[PDB]
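Participant: Part one of the assembly, not moved from where it sits:
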Amino acid sequence: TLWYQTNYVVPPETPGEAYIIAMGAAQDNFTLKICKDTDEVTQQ
Amino acid sequence: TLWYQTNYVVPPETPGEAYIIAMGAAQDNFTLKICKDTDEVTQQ
């Protein structure tokens, strides 16, 4: 979860609307087992 | 005294009205003698 701790304070002559880019990845602990085909493809 | 040397210059999108907080204290040279009761209290 991502909560609104205090508030988005902003000075004048500045837009009070911004964005947050969220990214994600694995670590050195991440390991995989038992290979199999994907199902993103619909056609054959 | 506190004088207005040059001017209060200000860019746009910024208020041209600010404040100054004045504080004050003693030093290591400050010493006191002959104790006595205060007179801030009116009642008895």
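Facilitator: Yep, that arrived. Numbering: from 1, shown residues only, chains lettered A, B, ... in the order given.
Participant: so how many other residues sit close to residue A:28?
Facilitator: 5 (other Cβ atoms under 10 Å in any protein chain shown). Any C-beta I mention is one placed from the backbone N, CA and C, and that applies to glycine too.
Participant: again, but for the one 10 residues further on
Facilitator: As a burial measure, residue A:38 scores 5 neighbours (other Cβ under 10 Å).
Participant: Can you tell me how far it is from residue A:24?
Facilitator: 19 Å (Cβ to Cβ, to the nearest Å).
Participant: before we move on, what about residue A:32?
Facilitator: 16 Å.
Participant: what sits against the residue in chain A that chain B sits nearest to?
Facilitator: Nearest residue of chain A to chain B: residue A:13, at 3.3 Å (Cβ to the nearest Cβ). By Cβ atoms under 8 Å, 6 or more residues apart in numbering or on different chains, residue A:13 lies in contact with B:12-13.
Participant: what about it, helix or strand, and which?
Facilitator: Using DSSP states H and E, residue A:13 maps to neither a helix nor a strand.
Participant: Residues of chain A that sit close to chain B?
Facilitator: Residues of chain A lying near chain B by Cβ under 8 Å from any Cβ of the partner chain: A:11-13.
Participant: give me that answer again for 10 Å
Facilitator: Contacts of chain A with chain B, taken as Cβ under 10 Å from any Cβ of the partner chain, map to A:11-14.
Participant: So for chain A, which residue is the most central one in space?
Facilitator: The centre of chain A sits closest to residue A:22, judged by Cα atoms, centre = their mean, with a distance of 3.2 Å.
Participant: sec struct for it, please.
Facilitator: coil (DSSP: H, G, I helix; E, B strand; the rest coil).
Participant: Would you mind measuring from it to residue A:7?
Facilitator: From residue A:22 across to residue A:7, the span is 21 Å (Cβ to Cβ).
Participant: Would you mind extracting the C-alpha trace of stretch A:16-29 into PDB?
Facilitator: Below are the C-alpha coordinates for stretch A:16-29, written out as PDB (Å, rounded to 0.1, in the frame of the first residue of the first chain):
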ATOM      1  CA  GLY A  16      -0.200  20.700  -7.800                       C
ATOM      2  CA  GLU A  17      -0.500  17.500  -9.900                       C
ATOM      3  CA  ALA A  18       2.400  15.000 -10.200                       C
ATOM      4  CA  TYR A  19       3.000  11.300 -10.800                       C
ATOM      5  CA  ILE A  20       4.800   8.300  -9.300                       C
ATOM      6  CA  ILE A  21       6.500   5.700 -11.400                       C
ATOM      7  CA  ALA A  22       6.600   2.300  -9.800                       C
ATOM      8  CA  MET A  23       9.300  -0.300 -10.800                       C
ATOM      9  CA  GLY A  24      10.000  -3.800  -9.700                       C
ATOM     10  CA  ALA A  25      12.600  -6.500 -10.000                       C
ATOM     11  CA  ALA A  26      13.900  -9.700  -8.400                       C
ATOM     12  CA  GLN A  27      17.000 -10.300  -6.200                       C
ATOM     13  CA  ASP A  28      19.900 -12.700  -5.900                       C
ATOM     14  CA  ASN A  29      17.600 -14.900  -3.800                       C
END
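Participant: add one more, call it chain C:
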Amino acid sequence: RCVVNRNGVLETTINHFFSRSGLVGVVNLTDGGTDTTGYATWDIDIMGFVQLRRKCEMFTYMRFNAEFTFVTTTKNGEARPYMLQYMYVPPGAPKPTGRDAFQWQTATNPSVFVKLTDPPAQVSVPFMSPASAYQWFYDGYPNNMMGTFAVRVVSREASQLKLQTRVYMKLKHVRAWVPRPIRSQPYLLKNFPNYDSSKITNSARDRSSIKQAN
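Facilitator: Adding chain C to what we have so far:
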């Protein structure tokens, strides 16, 4: 003159700031007839007058011994040689309820037998708190701190005078912790720091302009 020399550094210590024999309480005795009052108790609280209360609300924690001096006068002023009993009631012990009750003959309530023609009475009370220091500002939710103080006229029958005792308190061996600012608003109660929402007194008296030297 022009004081160029440096002053003394002994009158600013906390021990000197508090240790001095000051008046702390006034007790009225009547020793009547039909209305059998006889005695007059006085609970020990240093917050009684508004002159030491302002000096002891400057600090959060304090630790001190006390010296009590008892100066008893009559109504007109003359001192006839009557015997007097002063009695210290420790915290937890019950207060005396009558002039001839059994709380006066109790052996664990230390008494002082002194006459009116004698020099005034003088006792010393140690640090009697279950904590490590006294504290007037208690922020939270939970009676008595130092002990009760009674006095009567030792006699088989009842005398026909009304006395007037002054309990002068002196502090000794005082230690303080956690200083806090000095209260500017006037008082309203005895055990609570209640100020008045309307009529807030300014802590600096007014002048004409900001650009002057009034």
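Participant: now that chain C has been added, could you go back to the contacts of residue A:13?
Facilitator: Counting by Cβ atoms under 10 Å, 6 or more residues apart in numbering or on different chains, residue A:13 touches B:11-14.
Participant: Spell out which parts of chain C neighbour chain B.
Facilitator: Counting by Cβ under 10 Å from any Cβ, chain C comes close to chain B at C:3, C:5-12, C:16-17, C:20, C:22, C:49-55, C:182-184, C:186-187, C:201, C:203, C:210-211, C:213.
Participant: just the buried members of these?
Facilitator: C:17, C:49, C:52-54, C:187 (16 or more other Cβ atoms under 10 Å in any protein chain shown).
Participant: residue of chain C with the smallest distance to chain B?
Facilitator: Counting by Cβ to the nearest Cβ, chain C gets nearest chain B through residue C:7, at 3.8 Å.
Participant: Name the nearest of the contacts of residue A:13 relative to residue C:142.
Facilitator: Checking these against residue C:142 by Cβ to Cβ gives residue B:14 as the nearest, at 53.2 Å.
Participant: For residue B:13, see how far away the closest residue to that closest one other than its chain neighbours is.
Facilitator: Leaving aside its sequence neighbours, residue B:14 sits nearest to residue A:12 (Cβ to Cβ, 6 or more residues apart in numbering or on different chains; 7.4 Å). The spacing between residue A:12 and residue B:13, counted by Cβ to Cβ, is 5 Å.
Participant: Also residue C:185?
Facilitator: 42 Å.
Participant: okay, which residue of chain C is out on the far edge from center?
Facilitator: residue C:211 (46.4 Å).
Participant: Is there a neighbour count for the residue of chain A found nearest chain C? I'd like the number.
Facilitator: Of all residues in chain A, residue A:6 sits closest to chain C, at 26.2 Å by Cβ to the nearest Cβ. By other Cβ under 10 Å, the residues close to residue A:6 number 5.
Participant: ok, now the one 5 residues further on?
Facilitator: Close neighbours of residue A:11, defined as other Cβ under 10 Å, add up to 8.
Participant: so it touches residue B:14, yeah?
Facilitator: Yes. Using Cβ atoms under 10 Å, residue A:11 makes contact with residue B:14 at a distance of 8.1 Å.
Participant: please slot chain D in as well:
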Amino acid sequence: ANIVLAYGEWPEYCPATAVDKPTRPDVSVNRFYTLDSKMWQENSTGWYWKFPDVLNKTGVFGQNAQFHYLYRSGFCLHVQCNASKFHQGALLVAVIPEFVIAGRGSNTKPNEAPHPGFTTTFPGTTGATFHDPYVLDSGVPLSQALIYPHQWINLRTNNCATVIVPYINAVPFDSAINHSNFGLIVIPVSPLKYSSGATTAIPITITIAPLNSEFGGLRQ
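Facilitator: With chain D added, the chains above now look like this:
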């Protein structure tokens, strides 16, 4: 960053004569409890928090402080106030040991005079606003409130403050529910100003780290 140490002492453990050794979690309570942001505006007055009942409803510290009987801990306070470079103003942040909220009224009778309620003395995790910040709602002027451990949050120099405060009490152990130990006060001495088109309110964020916690007398 400048760290103000409250009265020059670090929070340390108890060196008491209790055979039941007080427990030390060290794992799930020494984490950054972040409170909600306060929306500071032009007509704002200030805020105050009572600490040992701010975190009595929040997670492991609240569970281990409600179901115990003896409590002793220090604190690491950290207050951000992130504003733009076109806003102006100043905040005063200060901790006060045994901060007793007074009652506002003009009555001298004992059981007729007003007294603050439970939601005024113990605000909880959402704090409470001052009614008269000039007297700290205690009849004591805030002009000389710099006797306490304090910092200034000036919106043209920095945006953060931090206060490491030890355990200040006359008894080394105390109930964490029936006695609030010390309070945090933020006051806008200089008001907030901004030109039209900027953000009309500045958030204030507070994080707390319970350094060196000790609990005793576990019960239901």
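Participant: The contacts of residue A:13 with chain D there, same question as before?
Facilitator: B:11-14, D:84, D:86, D:194-198.
Participant: repeat for residue C:203
Facilitator: Contacts of residue C:203 by Cβ under 10 Å, 6+ apart are B:40, C:182, C:184-185, D:134-135, D:141-144.
Participant: export stretch D:4-17 as PDB, just CAs?
Facilitator: Provided in PDB are the C-alpha atoms of stretch D:4-17 (Å, rounded to 0.1, in the frame of the first residue of the first chain):
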ATOM      1  CA  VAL D   4      19.500  18.000  18.700                       C
ATOM      2  CA  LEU D   5      20.000  15.700  21.600                       C
ATOM      3  CA  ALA D   6      17.500  16.300  24.400                       C
ATOM      4  CA  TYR D   7      19.500  17.500  27.500                       C
ATOM      5  CA  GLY D   8      22.700  15.900  26.200                       C
ATOM      6  CA  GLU D   9      21.800  12.300  27.200                       C
ATOM      7  CA  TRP D  10      21.200   9.300  25.000                       C
ATOM      8  CA  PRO D  11      18.400   6.800  25.800                       C
ATOM      9  CA  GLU D  12      19.800   3.800  27.600                       C
ATOM     10  CA  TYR D  13      18.500   0.800  29.400                       C
ATOM     11  CA  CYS D  14      17.700   0.500  33.100                       C
ATOM     12  CA  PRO D  15      20.800  -0.500  35.100                       C
ATOM     13  CA  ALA D  16      15.500  -1.400  39.500                       C
ATOM     14  CA  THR D  17      15.400  -4.400  41.900                       C
END
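Participant: Which residues does that stretch contact?
Facilitator: By Cβ under 10 Å, 6+ apart, stretch D:4-17 touches C:177-178, D:22, D:24, D:70, D:72-77, D:93-95, D:97, D:148-151, D:161-168, D:171-173, D:182, D:210-214, D:216.
Participant: So which of those residues belong to strands?
Facilitator: C:177-178, D:70, D:72, D:75-77, D:93-95, D:97, D:150-151, D:161-165, D:182, D:214, D:216 (DSSP state E).
Participant: Distance of the residue farthest from the centre of chain C relative to residue D:84?
Facilitator: Distance, residue C:211 to residue D:84, using Cβ to Cβ: 34 Å.
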